[PDB]
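Just input-v3.pdb here, PDB, C-alpha atoms:
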ATOM      1  CA  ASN A 312     230.107  97.032  81.690  1.00  0.00           C
ATOM      2  CA  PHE A 313     230.072  94.489  78.852  1.00  0.00           C
ATOM      3  CA  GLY A 314     233.046  92.808  77.215  1.00  0.00           C
ATOM      4  CA  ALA A 315     233.006  90.044  74.618  1.00  0.00           C
ATOM      5  CA  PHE A 316     236.211  88.888  72.884  1.00  0.00           C
ATOM      6  CA  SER A 317     237.837  91.944  74.457  1.00  0.00           C
TER       7      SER A 317
ATOM      8  CA  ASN B 312     230.712 100.465  78.318  1.00  0.00           C
ATOM      9  CA  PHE B 313     230.677  97.922  75.480  1.00  0.00           C
ATOM     10  CA  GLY B 314     233.651  96.241  73.843  1.00  0.00           C
ATOM     11  CA  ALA B 315     233.611  93.477  71.246  1.00  0.00           C
ATOM     12  CA  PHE B 316     236.816  92.321  69.512  1.00  0.00           C
ATOM     13  CA  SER B 317     238.442  95.376  71.085  1.00  0.00           C
TER      14      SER B 317
ATOM     15  CA  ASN C 312     231.317 103.897  74.946  1.00  0.00           C
ATOM     16  CA  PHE C 313     231.282 101.355  72.108  1.00  0.00           C
ATOM     17  CA  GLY C 314     234.256  99.674  70.470  1.00  0.00           C
ATOM     18  CA  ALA C 315     234.216  96.910  67.874  1.00  0.00           C
ATOM     19  CA  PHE C 316     237.421  95.754  66.140  1.00  0.00           C
ATOM     20  CA  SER C 317     239.047  98.809  67.713  1.00  0.00           C
TER      21      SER C 317
ATOM     22  CA  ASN D 312     229.502  93.599  85.062  1.00  0.00           C
ATOM     23  CA  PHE D 313     229.467  91.056  82.225  1.00  0.00           C
ATOM     24  CA  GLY D 314     232.441  89.376  80.587  1.00  0.00           C
ATOM     25  CA  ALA D 315     232.401  86.611  77.991  1.00  0.00           C
ATOM     26  CA  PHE D 316     235.606  85.455  76.257  1.00  0.00           C
ATOM     27  CA  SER D 317     237.232  88.511  77.830  1.00  0.00           C
TER      28      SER D 317
ATOM     29  CA  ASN E 312     219.060 106.615  82.488  1.00  0.00           C
ATOM     30  CA  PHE E 313     219.025 104.072  79.650  1.00  0.00           C
ATOM     31  CA  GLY E 314     221.999 102.392  78.013  1.00  0.00           C
ATOM     32  CA  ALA E 315     221.959  99.628  75.416  1.00  0.00           C
ATOM     33  CA  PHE E 316     225.164  98.471  73.682  1.00  0.00           C
ATOM     34  CA  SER E 317     226.790 101.527  75.255  1.00  0.00           C
TER      35      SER E 317
ATOM     36  CA  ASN F 312     219.665 110.048  79.116  1.00  0.00           C
ATOM     37  CA  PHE F 313     219.630 107.505  76.278  1.00  0.00           C
ATOM     38  CA  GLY F 314     222.604 105.824  74.640  1.00  0.00           C
ATOM     39  CA  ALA F 315     222.564 103.060  72.044  1.00  0.00           C
ATOM     40  CA  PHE F 316     225.769 101.904  70.310  1.00  0.00           C
ATOM     41  CA  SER F 317     227.395 104.960  71.883  1.00  0.00           C
TER      42      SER F 317
ATOM     43  CA  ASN G 312     228.897  90.166  88.435  1.00  0.00           C
ATOM     44  CA  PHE G 313     228.862  87.623  85.597  1.00  0.00           C
ATOM     45  CA  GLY G 314     231.836  85.943  83.959  1.00  0.00           C
ATOM     46  CA  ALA G 315     231.796  83.179  81.363  1.00  0.00           C
ATOM     47  CA  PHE G 316     235.001  82.022  79.629  1.00  0.00           C
ATOM     48  CA  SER G 317     236.627  85.078  81.202  1.00  0.00           C
TER      49      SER G 317
ATOM     50  CA  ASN H 312     218.455 103.182  85.860  1.00  0.00           C
ATOM     51  CA  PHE H 313     218.420 100.640  83.023  1.00  0.00           C
ATOM     52  CA  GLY H 314     221.394  98.959  81.385  1.00  0.00           C
ATOM     53  CA  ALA H 315     221.354  96.195  78.789  1.00  0.00           C
ATOM     54  CA  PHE H 316     224.559  95.039  77.055  1.00  0.00           C
ATOM     55  CA  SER H 317     226.185  98.094  78.628  1.00  0.00           C
TER      56      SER H 317
ATOM     57  CA  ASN I 312     217.849  99.750  89.233  1.00  0.00           C
ATOM     58  CA  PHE I 313     217.815  97.207  86.395  1.00  0.00           C
ATOM     59  CA  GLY I 314     220.788  95.526  84.757  1.00  0.00           C
ATOM     60  CA  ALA I 315     220.749  92.762  82.161  1.00  0.00           C
ATOM     61  CA  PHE I 316     223.953  91.606  80.427  1.00  0.00           C
ATOM     62  CA  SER I 317     225.580  94.661  82.000  1.00  0.00           C
TER      63      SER I 317
ATOM     64  CA  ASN J 312     217.244  96.317  92.605  1.00  0.00           C
ATOM     65  CA  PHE J 313     217.210  93.774  89.767  1.00  0.00           C
ATOM     66  CA  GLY J 314     220.183  92.093  88.130  1.00  0.00           C
ATOM     67  CA  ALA J 315     220.143  89.329  85.533  1.00  0.00           C
ATOM     68  CA  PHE J 316     223.348  88.173  83.799  1.00  0.00           C
ATOM     69  CA  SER J 317     224.975  91.228  85.372  1.00  0.00           C
TER      70      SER J 317
ATOM     71  CA  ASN K 312     214.044  95.943  61.314  1.00  0.00           C
ATOM     72  CA  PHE K 313     217.382  96.742  62.969  1.00  0.00           C
ATOM     73  CA  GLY K 314     220.730  95.086  62.344  1.00  0.00           C
ATOM     74  CA  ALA K 315     224.109  96.087  63.746  1.00  0.00           C
ATOM     75  CA  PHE K 316     227.211  93.915  63.223  1.00  0.00           C
ATOM     76  CA  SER K 317     224.803  91.271  61.929  1.00  0.00           C
TER      77      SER K 317
ATOM     78  CA  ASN L 312     213.439  92.510  64.686  1.00  0.00           C
ATOM     79  CA  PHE L 313     216.776  93.309  66.342  1.00  0.00           C
ATOM     80  CA  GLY L 314     220.125  91.653  65.717  1.00  0.00           C
ATOM     81  CA  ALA L 315     223.504  92.654  67.118  1.00  0.00           C
ATOM     82  CA  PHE L 316     226.605  90.482  66.595  1.00  0.00           C
ATOM     83  CA  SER L 317     224.198  87.838  65.302  1.00  0.00           C
TER      84      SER L 317
ATOM     85  CA  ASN M 312     212.834  89.077  68.058  1.00  0.00           C
ATOM     86  CA  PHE M 313     216.171  89.876  69.714  1.00  0.00           C
ATOM     87  CA  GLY M 314     219.520  88.220  69.089  1.00  0.00           C
ATOM     88  CA  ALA M 315     222.899  89.222  70.491  1.00  0.00           C
ATOM     89  CA  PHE M 316     226.000  87.049  69.967  1.00  0.00           C
ATOM     90  CA  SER M 317     223.593  84.406  68.674  1.00  0.00           C
TER      91      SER M 317
ATOM     92  CA  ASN N 312     212.229  85.644  71.431  1.00  0.00           C
ATOM     93  CA  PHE N 313     215.566  86.443  73.086  1.00  0.00           C
ATOM     94  CA  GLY N 314     218.915  84.787  72.461  1.00  0.00           C
ATOM     95  CA  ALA N 315     222.294  85.789  73.863  1.00  0.00           C
ATOM     96  CA  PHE N 316     225.395  83.616  73.340  1.00  0.00           C
ATOM     97  CA  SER N 317     222.988  80.973  72.046  1.00  0.00           C
TER      98      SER N 317
ATOM     99  CA  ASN O 312     211.624  82.211  74.803  1.00  0.00           C
ATOM    100  CA  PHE O 313     214.961  83.011  76.458  1.00  0.00           C
ATOM    101  CA  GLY O 314     218.310  81.354  75.833  1.00  0.00           C
ATOM    102  CA  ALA O 315     221.689  82.356  77.235  1.00  0.00           C
ATOM    103  CA  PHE O 316     224.790  80.183  76.712  1.00  0.00           C
ATOM    104  CA  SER O 317     222.383  77.540  75.418  1.00  0.00           C
TER     105      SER O 317
END

Show this structure as structure tokens.
Amino acid sequence: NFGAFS
Amino acid sequence: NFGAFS
Amino acid sequence: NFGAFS
Amino acid sequence: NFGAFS
Amino acid sequence: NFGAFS
Amino acid sequence: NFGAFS
Amino acid sequence: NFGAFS
Amino acid sequence: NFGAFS
Amino acid sequence: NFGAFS
Amino acid sequence: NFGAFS
Amino acid sequence: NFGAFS
Amino acid sequence: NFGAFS
Amino acid sequence: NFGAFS
Amino acid sequence: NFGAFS
Amino acid sequence: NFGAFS
């Protein structure tokens, strides 16, 4: 799972 | 799962 | 799953 | 699990 | 199984 | 199974 | 598990 | 199993 | 099992 | 099992 | 050469 | 060469 | 060469 | 060469 | 060469 600016 | 500016 | 500006 | 600015 | 930006 | 930007 | 600015 | 930015 | 930025 | 930035 | 959101 | 969000 | 969020 | 958040 | 948050 990857979140950036989210 | 990938989210950027989302 | 991929979301950008969404 | 990876979160940056999220 | 391989996922990149997904 | 292969997913990129998906 | 990895969190930065999150 | 391989995940990068995912 | 291999995870990077994931 | 291998995890980096994950 | 591959560019996405770049 | 690979660039994403870069 | 690989750049992500860079 | 690999850069992430860099 | 590897840079993360650097």

Go ahead and compute the interatomic distance for CA of residue 316 (chain H) and CA of residue 317 (chain C), in Å to one decimal.
-> 17.6 Å

Axis-aligned box over every listed atom of chain N, padded by 6 Å per side: centre and edges in Å to one decimal, as AutoDock Vina command-line options?
--center_x 218.8 --center_y 83.7 --center_z 72.6 --size_x 25.2 --size_y 17.5 --size_z 14.4

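Between CA of residue 315 (chain C) and CA of residue 312 (chain O) lies a distance of 27.8 Å.
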
For CA of residue 313 (chain E) and CA of residue 313 (chain D), determine how far apart the two atoms are, in Å to one decimal place.
->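 Those two atoms sit 16.9 Å apart.
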
Could you add the missing atoms to chain C, up to N, CA and C atoms, and return them as a compact mmCIF listing (two decimals), keeping the file's coordinate frame?
# COMPACT_ATOMS: atom_id res chain seq x y z
N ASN C 312 230.09 104.13 75.70
CA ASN C 312 231.32 103.90 74.95
C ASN C 312 231.18 102.56 74.22
N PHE C 313 231.46 102.55 72.92
CA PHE C 313 231.28 101.36 72.11
C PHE C 313 232.50 101.17 71.22
N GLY C 314 233.14 100.01 71.34
CA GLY C 314 234.26 99.67 70.47
C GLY C 314 234.08 98.29 69.88
N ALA C 315 234.24 98.19 68.56
CA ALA C 315 234.22 96.91 67.87
C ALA C 315 235.40 96.87 66.91
N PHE C 316 236.23 95.83 67.00
CA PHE C 316 237.42 95.75 66.14
C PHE C 316 238.23 97.04 66.23
N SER C 317 238.43 97.51 67.46
CA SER C 317 239.05 98.81 67.71
C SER C 317 239.85 98.79 69.00
